[PDB]
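Colleague: Below you will find the structure I want to go over with you.
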Amino acid sequence: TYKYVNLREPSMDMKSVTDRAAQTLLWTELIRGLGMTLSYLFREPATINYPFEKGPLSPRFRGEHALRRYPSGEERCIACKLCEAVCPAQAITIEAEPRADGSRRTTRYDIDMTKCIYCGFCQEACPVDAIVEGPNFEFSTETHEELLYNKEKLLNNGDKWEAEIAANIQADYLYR
Amino acid sequence: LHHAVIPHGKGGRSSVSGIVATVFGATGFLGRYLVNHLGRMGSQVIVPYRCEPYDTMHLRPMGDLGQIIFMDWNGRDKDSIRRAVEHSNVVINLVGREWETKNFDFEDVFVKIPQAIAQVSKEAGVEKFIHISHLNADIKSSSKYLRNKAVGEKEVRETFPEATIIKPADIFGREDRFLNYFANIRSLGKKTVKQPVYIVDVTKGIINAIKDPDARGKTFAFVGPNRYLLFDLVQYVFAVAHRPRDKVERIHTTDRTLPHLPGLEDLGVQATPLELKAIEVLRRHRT
Amino acid sequence: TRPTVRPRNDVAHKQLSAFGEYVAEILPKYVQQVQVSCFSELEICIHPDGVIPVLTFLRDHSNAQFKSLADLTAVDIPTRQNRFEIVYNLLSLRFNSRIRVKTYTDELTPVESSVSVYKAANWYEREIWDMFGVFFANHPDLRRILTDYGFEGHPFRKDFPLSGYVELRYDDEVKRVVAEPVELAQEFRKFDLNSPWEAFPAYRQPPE
Amino acid sequence: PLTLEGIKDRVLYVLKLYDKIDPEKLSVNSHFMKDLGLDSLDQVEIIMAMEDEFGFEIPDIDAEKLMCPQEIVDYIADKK
Amino acid sequence: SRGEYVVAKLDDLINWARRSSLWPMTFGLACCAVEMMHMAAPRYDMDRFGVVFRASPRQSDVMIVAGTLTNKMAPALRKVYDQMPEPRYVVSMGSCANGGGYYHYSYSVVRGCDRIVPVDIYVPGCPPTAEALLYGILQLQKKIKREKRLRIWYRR
Amino acid sequence: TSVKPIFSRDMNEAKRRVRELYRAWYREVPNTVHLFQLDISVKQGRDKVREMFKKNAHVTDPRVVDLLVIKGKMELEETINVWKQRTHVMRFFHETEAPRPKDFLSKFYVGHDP
Ligand SMILES: NC(=O)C1=CN([C@@H]2O[C@H](COP(=O)(O)OP(=O)(O)OC[C@H]3O[C@@H](n4cnc5c(N)ncnc54)[C@H](OP(=O)(O)O)[C@@H]3O)[C@@H](O)[C@H]2O)C=CC1
Ligand code: SF4
Ligand code: SF4
Ligand code: SF4
């Protein structure tokens, strides 16, 4: 099935040819374009006042790279290296050790914010939902040193909020 | 000494080299080239500035990721200077404006600045402190510049005696002062014999001396390869450039060699002549 | 077997089998393999001398029109003396079918520069010359396109590693950008993922 | 004013003008390649240097067949 | 100290004059350029901040390096950087541009634009969301608010 | 054993094409060092050119010589145009060290480079 274009002829009848001559010598559809643009002038423009009104989103945005923890409990991560096994720019760096207790844990959990393409594979790959892509996207960092997260920065960034992260997950733990 | 100060592997781009250098100045000319050659070596440079961060911003990306570090200093307090030289392998002193200001003379920058930094350095325990000086800065006349530099020379020689007191001749390069004044002319004609030394041999000598131990205590002086008349050099500048009071007195004052102290030959670096680099740098003429 | 497993048509398989047998019979001078996969896309595997005659046949003849030219690449296979595989891909405007003309070649002897009959092959051949080094005699212009000019090494080979040998940085010494031997900031770790235990029993090669 | 001896004198002082030849040591049977310790690289240097000096293009096989000062002078005397 | 008073007030006026409009040039190699054109979109404005998108390099206040810097790109990028007035500022947008990123382990790619030009404001993301980029330009403006050039000139 | 060479029959045509290519590089150098507003004497550039020629003089296989001639012709085209910038032309040179000598003891101080 096909529906092509540009198959006509200029009509040799006197009315159509004098109408094309009237458009040629009278600048008509140009003024029709001016009328359409003035109709968009008299609309109200759709802008948002940026520092006061922030643009809408989804409950599943991928931002901050925050961590979670157990209810009144310890660190949610096990250092099971799945996120570094899936990290498609290898920005995760995990060096693991157990502590004096016996449960297996970490030493070094580094996210490179340069290499992080923000897939979501480390969120989907985490069996205990330790790393969660965060809600807010404001990094804006004046120095390149400061864009290399440490595990303690991630724990502070996961302890500046969980209630946002918990609300988003508790809303959408059923799709994924 | 602790690890991560020992050298590691090859050189360049965050290969962990030897020295950790606290640099005073480095926003000017020779300090900027010196930070450049230490970044080629791959050495961490701690530099404090006092000015706007835009100047240290356009000399910022010389190093690799997070190698060089920026902080603040002032010419009044020992606390900020001491905080800047808390942990340093080597430290170099390069400072000086060639005209008096409202708040600083030729006195007390060249005098008062090496006093406090050498005080907190010797109380701090730094090694291989390299202090620059102008060549032939005497007790003799014609320059508050040169006599305050001679007082600073006697200070750095007396307290902390194993400092490398270093002196080049009047250096020329991409952002020279006196060749710029040769361009920024009008005139007058005098006589003075003079040897010019190019800047990259000077800073290569400084980085080689600061990375090579056992060459300490001795003051050094750098030698120009030609050593001829100033007015013939001005004719050479106008010929290659296609067009026909303190600075002019301090270039007409004194230019000699000293047989006492050792120079280039105890370091093993090739000398670049005036002619090659002068043809390289004399751009910006008529077409 | 029927849900969530893609069914096929044996009719197209028989059609491509008969067609490939026909082409193999009527150009015997260069035909070595005519192989048909399970999902009916034809492959014809060719000595590197009948490039121009086979493509002049396959552009025409009113039984195999195949005007549409596609990919050219020469898949770098070691453990061979003829390493590189020039893969012509041809699509028929009239018959809606895909044939893969795989001709084989070595490192240094040219195949015969298909741009004479295929005007789409010009930058394809220039790309293969830039990335591999397969020379193309009787060609108008061979240059380096999709690489840097001062860079060399023919990087899509297997001998060229992942990172380049050279790495640029600006320096204020000579006031310009220079190349240096590569100083990585991290390792590019290497996961030994080639697990044992023979996931496909049908594709077993006979061992020694 | 275009004789054999004027061409030989100008070939003589441009052989003086070439740098790596030590000394000139001109002869009609000199053979500066092996008797004076020179390279075929320096041979083609001198051949296209004479080309740069005073005239015609001197193509590749005739550039190969010379290997000798007086034979260069006689080849120019043939060609010019 | 009305000399210091006039210095502080005049510095406030000139730096507010600098940070007021700040028309950039959009260098924009890869898909980060598409997200910059999406903060040129009618929703996320740029008129409100005096920010006029303009391809002119001769009058560029700030420069938004975005996309993926390559070895073939870099000398032409710094030649664009040179013919530019000396009051200038750099926003490195994109994971590709602020440290190599997803193409970090590769050939032909400079490991971030730090190795060519200095960077004032890094804004990460892939793509850095137009909302987040506009936040990064606001924190650039606050960096312009803290510059103290005339203070340093007076007490120099 | 059938091998189809590029251009060669013996090394005579190899010598002929490489000496003509060197003539082209000789008349290529001063125009480029004047055009790109470079900073290097003509003697040094020509000596580094002939040093790069004298690096690969150890090859007798004629196909390899043909492919070297074709590569040198490619870069002579791309430098006789204005397609290559100042950066690549300086990248042929080595004015930024790279200081590494071949002494044993020098490699023994800055170690693990046998
Ligand atoms: N031919 C020559 O020029 C020669 C020069 N020298 C010496 O080399 C040194 C460097 O020379 P050059 O680069 O040309 O000059 P500069 O003035 O540029 O170098 C001095 C550095 O220290 C800073 N500085 C100077 N005075 C003060 C001050 N009162 N308070 C704070 N910072 C100060 C300068 O500016 P800022 O504060 O902005 O950082 C700059 O960073 C000088 O000491 C000079 O005497 C020696 C031999 C030859
Ligand atoms: S996948 Fe989750 S639990 Fe496992 S190492 Fe990564 S963050 Fe920790
Ligand atoms: S979202 Fe970032 S940290 Fe997570 S897998 Fe992707 S690149 Fe790695
Ligand atoms: S960071 Fe992402 S959006 Fe930006 S250029 Fe790279 S791939 Fe494109």
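Identifiers in this document derive from the order of the structure tokens: chains are assigned A, B, ..., residues are numbered from 1 separately in each chain, and ligands are numbered from 1 in order of occurrence.
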Within 8 Å of ligand 4, which residues show up when you count only C-alpha atoms and all ligand atoms? List them as a PyMOL selection string, please.
Modeller: (chain A and resi 117) or (chain E and resi 29-33+35+66-68+93-97+101-102+124-128)
Colleague: Those residues with N, CA and C atoms, as a PDB file, in the first residue's frame please?
Modeller:
ATOM      1  N   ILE A 117      27.507   5.836  33.039  1.00  0.00           N
ATOM      2  CA  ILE A 117      26.563   6.151  31.971  1.00  0.00           C
ATOM      3  C   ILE A 117      25.116   6.204  32.452  1.00  0.00           C
TER       4      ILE A 117
ATOM      5  N   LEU E  29      29.204  18.000  20.447  1.00  0.00           N
ATOM      6  CA  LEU E  29      29.554  16.971  19.471  1.00  0.00           C
ATOM      7  C   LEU E  29      28.451  15.925  19.304  1.00  0.00           C
ATOM      8  N   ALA E  30      28.198  15.141  20.342  1.00  0.00           N
ATOM      9  CA  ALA E  30      27.245  14.045  20.291  1.00  0.00           C
ATOM     10  C   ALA E  30      25.970  14.424  21.036  1.00  0.00           C
ATOM     11  N   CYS E  31      25.106  13.428  21.269  1.00  0.00           N
ATOM     12  CA  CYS E  31      23.784  13.509  21.899  1.00  0.00           C
ATOM     13  C   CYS E  31      23.583  14.410  23.120  1.00  0.00           C
ATOM     14  N   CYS E  32      24.660  14.706  23.853  1.00  0.00           N
ATOM     15  CA  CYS E  32      24.631  15.831  24.781  1.00  0.00           C
ATOM     16  C   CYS E  32      24.276  17.148  24.088  1.00  0.00           C
ATOM     17  N   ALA E  33      24.608  17.300  22.799  1.00  0.00           N
ATOM     18  CA  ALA E  33      24.138  18.463  22.056  1.00  0.00           C
ATOM     19  C   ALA E  33      22.630  18.440  21.896  1.00  0.00           C
ATOM     20  N   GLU E  35      20.557  17.132  24.054  1.00  0.00           N
ATOM     21  CA  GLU E  35      19.976  17.534  25.331  1.00  0.00           C
ATOM     22  C   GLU E  35      20.191  19.023  25.626  1.00  0.00           C
ATOM     23  N   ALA E  66      30.471  19.561  25.204  1.00  0.00           N
ATOM     24  CA  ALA E  66      29.558  18.444  25.365  1.00  0.00           C
ATOM     25  C   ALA E  66      29.716  17.510  24.180  1.00  0.00           C
ATOM     26  N   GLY E  67      29.406  16.241  24.399  1.00  0.00           N
ATOM     27  CA  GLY E  67      29.658  15.257  23.374  1.00  0.00           C
ATOM     28  C   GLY E  67      30.831  14.387  23.760  1.00  0.00           C
ATOM     29  N   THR E  68      31.582  13.893  22.784  1.00  0.00           N
ATOM     30  CA  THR E  68      32.694  12.995  23.057  1.00  0.00           C
ATOM     31  C   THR E  68      33.945  13.502  22.366  1.00  0.00           C
ATOM     32  N   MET E  93      30.003  19.220  30.103  1.00  0.00           N
ATOM     33  CA  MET E  93      28.761  18.486  30.229  1.00  0.00           C
ATOM     34  C   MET E  93      28.947  17.071  29.711  1.00  0.00           C
ATOM     35  N   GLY E  94      28.439  16.103  30.455  1.00  0.00           N
ATOM     36  CA  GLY E  94      28.425  14.760  29.927  1.00  0.00           C
ATOM     37  C   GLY E  94      29.504  13.863  30.477  1.00  0.00           C
ATOM     38  N   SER E  95      29.102  12.617  30.740  1.00  0.00           N
ATOM     39  CA  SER E  95      30.008  11.602  31.253  1.00  0.00           C
ATOM     40  C   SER E  95      31.146  11.334  30.280  1.00  0.00           C
ATOM     41  N   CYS E  96      30.868  11.407  28.973  1.00  0.00           N
ATOM     42  CA  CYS E  96      31.918  11.271  27.965  1.00  0.00           C
ATOM     43  C   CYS E  96      32.968  12.358  28.101  1.00  0.00           C
ATOM     44  N   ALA E  97      32.535  13.580  28.375  1.00  0.00           N
ATOM     45  CA  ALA E  97      33.438  14.711  28.297  1.00  0.00           C
ATOM     46  C   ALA E  97      34.147  15.019  29.605  1.00  0.00           C
ATOM     47  N   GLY E 101      34.482   8.506  30.434  1.00  0.00           N
ATOM     48  CA  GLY E 101      33.121   8.019  30.547  1.00  0.00           C
ATOM     49  C   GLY E 101      32.960   6.613  30.054  1.00  0.00           C
ATOM     50  N   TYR E 102      31.949   6.414  29.216  1.00  0.00           N
ATOM     51  CA  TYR E 102      31.663   5.078  28.737  1.00  0.00           C
ATOM     52  C   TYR E 102      32.687   4.655  27.704  1.00  0.00           C
ATOM     53  N   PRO E 124      27.680  15.932  35.375  1.00  0.00           N
ATOM     54  CA  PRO E 124      27.655  14.563  34.862  1.00  0.00           C
ATOM     55  C   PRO E 124      26.260  14.131  34.478  1.00  0.00           C
ATOM     56  N   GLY E 125      26.152  12.925  33.932  1.00  0.00           N
ATOM     57  CA  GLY E 125      24.895  12.426  33.425  1.00  0.00           C
ATOM     58  C   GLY E 125      25.102  11.792  32.069  1.00  0.00           C
ATOM     59  N   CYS E 126      24.151  10.980  31.616  1.00  0.00           N
ATOM     60  CA  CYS E 126      24.183  10.459  30.252  1.00  0.00           C
ATOM     61  C   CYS E 126      22.757  10.254  29.772  1.00  0.00           C
ATOM     62  N   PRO E 127      22.156  11.278  29.155  1.00  0.00           N
ATOM     63  CA  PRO E 127      22.623  12.662  29.118  1.00  0.00           C
ATOM     64  C   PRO E 127      22.357  13.332  30.438  1.00  0.00           C
ATOM     65  N   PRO E 128      23.174  14.314  30.809  1.00  0.00           N
ATOM     66  CA  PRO E 128      22.813  15.171  31.936  1.00  0.00           C
ATOM     67  C   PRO E 128      21.494  15.836  31.601  1.00  0.00           C
TER      68      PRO E 128
END
Colleague: Return as an NGL selection string the residues of protein, DNA or RNA that approach ligand 2 to within 7 Å, with only C-alpha atoms and all ligand atoms taken into account.
Modeller: :A and (76-84 or 122 or 125-131)
Colleague: Those same residues, written as a short mmCIF file (atom, residue, chain, number, x, y, z; two decimals), in the first residue's frame with N, CA and C atoms?
Modeller:
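Printed below is part.cif as written:
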data_model
loop_
_atom_site.label_atom_id
_atom_site.label_comp_id
_atom_site.auth_asym_id
_atom_site.auth_seq_id
_atom_site.Cartn_x
_atom_site.Cartn_y
_atom_site.Cartn_z
N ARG A 76 23.48 -2.57 53.85
CA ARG A 76 22.71 -3.53 53.07
C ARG A 76 23.58 -4.31 52.10
N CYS A 77 24.72 -3.76 51.71
CA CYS A 77 25.58 -4.43 50.76
C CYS A 77 26.30 -5.61 51.39
N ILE A 78 26.56 -6.61 50.57
CA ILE A 78 27.29 -7.80 50.97
C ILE A 78 28.70 -7.80 50.39
N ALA A 79 28.95 -6.96 49.38
CA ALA A 79 30.09 -7.02 48.44
C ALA A 79 30.09 -8.35 47.70
N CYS A 80 29.04 -8.53 46.91
CA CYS A 80 28.91 -9.72 46.09
C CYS A 80 29.32 -9.47 44.65
N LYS A 81 29.86 -8.30 44.34
CA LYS A 81 30.55 -7.96 43.10
C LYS A 81 29.69 -8.07 41.84
N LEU A 82 28.36 -8.19 41.97
CA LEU A 82 27.52 -8.27 40.79
C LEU A 82 27.48 -6.95 40.05
N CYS A 83 27.48 -5.84 40.78
CA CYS A 83 27.42 -4.54 40.13
C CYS A 83 28.71 -4.22 39.40
N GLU A 84 29.85 -4.65 39.93
CA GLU A 84 31.08 -4.47 39.18
C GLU A 84 31.21 -5.50 38.07
N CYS A 122 23.20 -1.88 37.57
CA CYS A 122 23.60 -2.20 38.93
C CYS A 122 22.41 -2.19 39.87
N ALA A 125 20.78 -5.60 39.00
CA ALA A 125 21.66 -6.71 39.32
C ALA A 125 21.82 -6.91 40.81
N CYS A 126 21.45 -5.94 41.61
CA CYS A 126 21.68 -6.04 43.04
C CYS A 126 20.65 -6.97 43.64
N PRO A 127 21.06 -8.06 44.28
CA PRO A 127 20.08 -9.01 44.81
C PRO A 127 19.41 -8.54 46.08
N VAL A 128 19.99 -7.58 46.79
CA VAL A 128 19.46 -7.11 48.05
C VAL A 128 19.04 -5.65 47.99
N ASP A 129 19.09 -5.04 46.80
CA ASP A 129 18.78 -3.62 46.56
C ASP A 129 19.66 -2.71 47.41
N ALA A 130 20.95 -3.00 47.43
CA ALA A 130 21.88 -2.18 48.20
C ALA A 130 22.12 -0.84 47.52
N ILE A 131 22.64 -0.86 46.30
CA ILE A 131 22.78 0.37 45.54
C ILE A 131 21.45 0.67 44.86
#
Colleague: Which is closest to chain E among A:96, A:169, A:30, A:119, if we use only C-alpha atoms?
Modeller: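 Of A:96, A:169, A:30, A:119, the one nearest chain E is A:119, counting only C-alpha atoms.
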Colleague: From segment 15-170 of chain A, collect each residue whose DSSP state is strand (DSSP E) and return the set as a list in words.
Modeller: residues 66, 67, 92, 93, 94, 95, 108, 109, 110, 111, 112, 131, 132, 148 and 149 of chain A
Colleague: Could you work out which residues of chain F fall inside 6 Å of chain C? Count only C-alpha atoms, and format the result as a list in words.
Modeller: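 My answer is residues 4, 87, 88 and 91 of chain F.
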Colleague: According to DSSP computed on the backbone, where in chain C is there alpha helix (DSSP H)? Give the residues as a short mmCIF file (atom, residue, chain, number, x, y, z; two decimals) with N, CA, C and O atoms, in the first residue's frame.
Modeller:
data_model
loop_
_atom_site.label_atom_id
_atom_site.label_comp_id
_atom_site.auth_asym_id
_atom_site.auth_seq_id
_atom_site.Cartn_x
_atom_site.Cartn_y
_atom_site.Cartn_z
N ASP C 10 10.18 -24.33 5.67
CA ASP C 10 11.04 -25.17 4.83
C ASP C 10 10.94 -24.82 3.36
O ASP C 10 11.81 -25.22 2.59
N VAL C 11 9.89 -24.09 2.97
CA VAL C 11 9.69 -23.74 1.56
C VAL C 11 10.78 -22.79 1.09
O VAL C 11 11.38 -22.99 0.03
N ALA C 12 11.05 -21.75 1.88
CA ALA C 12 12.14 -20.83 1.57
C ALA C 12 13.49 -21.52 1.63
O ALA C 12 14.40 -21.18 0.86
N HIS C 13 13.64 -22.51 2.53
CA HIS C 13 14.86 -23.29 2.59
C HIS C 13 15.09 -24.08 1.30
O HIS C 13 16.20 -24.09 0.76
N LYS C 14 14.03 -24.72 0.78
CA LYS C 14 14.15 -25.47 -0.46
C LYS C 14 14.41 -24.54 -1.64
O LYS C 14 15.18 -24.89 -2.54
N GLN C 15 13.79 -23.36 -1.63
CA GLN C 15 14.00 -22.38 -2.70
C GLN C 15 15.44 -21.90 -2.73
O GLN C 15 16.08 -21.88 -3.79
N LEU C 16 15.98 -21.51 -1.57
CA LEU C 16 17.37 -21.05 -1.52
C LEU C 16 18.35 -22.19 -1.78
O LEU C 16 19.41 -21.94 -2.36
N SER C 17 18.00 -23.42 -1.40
CA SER C 17 18.88 -24.55 -1.68
C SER C 17 18.96 -24.81 -3.17
O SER C 17 20.06 -24.99 -3.72
N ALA C 18 17.81 -24.81 -3.85
CA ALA C 18 17.80 -25.02 -5.29
C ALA C 18 18.48 -23.87 -6.02
O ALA C 18 19.21 -24.09 -7.00
N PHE C 19 18.31 -22.64 -5.53
CA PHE C 19 18.93 -21.49 -6.17
C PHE C 19 20.44 -21.51 -6.01
O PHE C 19 21.19 -21.20 -6.95
N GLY C 20 20.92 -21.88 -4.82
CA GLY C 20 22.35 -21.95 -4.60
C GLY C 20 23.00 -23.09 -5.36
O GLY C 20 24.12 -22.95 -5.85
N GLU C 21 22.29 -24.21 -5.48
CA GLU C 21 22.76 -25.30 -6.34
C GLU C 21 22.84 -24.87 -7.79
O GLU C 21 23.80 -25.21 -8.50
N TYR C 22 21.87 -24.08 -8.24
CA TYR C 22 21.87 -23.55 -9.60
C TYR C 22 23.05 -22.62 -9.86
O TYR C 22 23.74 -22.74 -10.88
N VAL C 23 23.31 -21.69 -8.93
CA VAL C 23 24.42 -20.76 -9.10
C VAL C 23 25.76 -21.50 -9.03
O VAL C 23 26.68 -21.21 -9.81
N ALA C 24 25.86 -22.49 -8.15
CA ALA C 24 27.06 -23.31 -8.05
C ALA C 24 27.30 -24.12 -9.31
O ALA C 24 28.46 -24.34 -9.69
N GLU C 25 26.24 -24.56 -9.98
CA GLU C 25 26.43 -25.30 -11.22
C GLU C 25 26.80 -24.38 -12.37
O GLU C 25 27.55 -24.77 -13.27
N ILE C 26 26.26 -23.16 -12.40
CA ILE C 26 26.47 -22.34 -13.59
C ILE C 26 27.61 -21.36 -13.48
O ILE C 26 27.90 -20.66 -14.46
N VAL C 51 36.01 -12.12 -8.22
CA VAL C 51 35.27 -11.04 -7.58
C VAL C 51 34.48 -10.25 -8.62
O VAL C 51 33.24 -10.18 -8.57
N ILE C 52 35.20 -9.67 -9.58
CA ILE C 52 34.53 -8.95 -10.67
C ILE C 52 33.62 -9.83 -11.53
O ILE C 52 32.48 -9.41 -11.79
N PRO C 53 34.01 -11.05 -11.96
CA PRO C 53 33.05 -11.85 -12.75
C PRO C 53 31.80 -12.28 -11.99
O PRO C 53 30.69 -12.22 -12.54
N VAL C 54 31.94 -12.68 -10.72
CA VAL C 54 30.78 -13.12 -9.96
C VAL C 54 29.88 -11.93 -9.63
O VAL C 54 28.65 -12.04 -9.70
N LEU C 55 30.45 -10.76 -9.34
CA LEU C 55 29.58 -9.62 -9.06
C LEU C 55 28.92 -9.08 -10.32
O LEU C 55 27.76 -8.63 -10.25
N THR C 56 29.59 -9.14 -11.47
CA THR C 56 28.92 -8.78 -12.72
C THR C 56 27.83 -9.78 -13.07
O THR C 56 26.85 -9.40 -13.72
N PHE C 57 27.99 -11.04 -12.68
CA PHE C 57 26.88 -11.97 -12.88
C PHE C 57 25.73 -11.66 -11.93
O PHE C 57 24.57 -11.63 -12.34
N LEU C 58 26.04 -11.44 -10.65
CA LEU C 58 25.02 -11.30 -9.63
C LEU C 58 24.33 -9.94 -9.64
O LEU C 58 23.33 -9.78 -8.93
N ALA C 121 30.53 0.87 -3.05
CA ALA C 121 31.66 0.22 -2.42
C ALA C 121 32.86 1.13 -2.22
O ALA C 121 33.88 0.66 -1.72
N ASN C 122 32.76 2.42 -2.57
CA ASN C 122 33.94 3.27 -2.58
C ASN C 122 34.42 3.57 -1.17
O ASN C 122 35.55 3.24 -0.80
N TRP C 123 33.56 4.15 -0.35
CA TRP C 123 33.97 4.42 1.02
C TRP C 123 33.98 3.16 1.87
O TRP C 123 34.69 3.13 2.88
N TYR C 124 33.27 2.11 1.47
CA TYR C 124 33.41 0.81 2.11
C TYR C 124 34.82 0.27 1.94
O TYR C 124 35.46 -0.17 2.91
N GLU C 125 35.34 0.31 0.71
CA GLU C 125 36.69 -0.14 0.44
C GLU C 125 37.73 0.76 1.10
O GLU C 125 38.77 0.28 1.57
N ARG C 126 37.45 2.06 1.16
CA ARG C 126 38.36 2.97 1.85
C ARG C 126 38.37 2.71 3.35
O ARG C 126 39.43 2.77 3.99
N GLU C 127 37.22 2.37 3.92
CA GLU C 127 37.13 2.00 5.32
C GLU C 127 37.90 0.72 5.61
O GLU C 127 38.60 0.64 6.62
N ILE C 128 37.75 -0.29 4.76
CA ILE C 128 38.47 -1.55 4.99
C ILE C 128 39.97 -1.36 4.84
O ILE C 128 40.75 -1.92 5.62
N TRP C 129 40.39 -0.53 3.88
CA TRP C 129 41.81 -0.20 3.77
C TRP C 129 42.33 0.55 4.99
O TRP C 129 43.46 0.32 5.43
N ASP C 130 41.51 1.43 5.57
CA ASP C 130 41.97 2.18 6.73
C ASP C 130 42.03 1.30 7.97
O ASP C 130 42.98 1.37 8.75
N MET C 131 41.03 0.46 8.18
CA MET C 131 40.98 -0.28 9.43
C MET C 131 41.80 -1.56 9.40
O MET C 131 42.22 -2.03 10.46
#
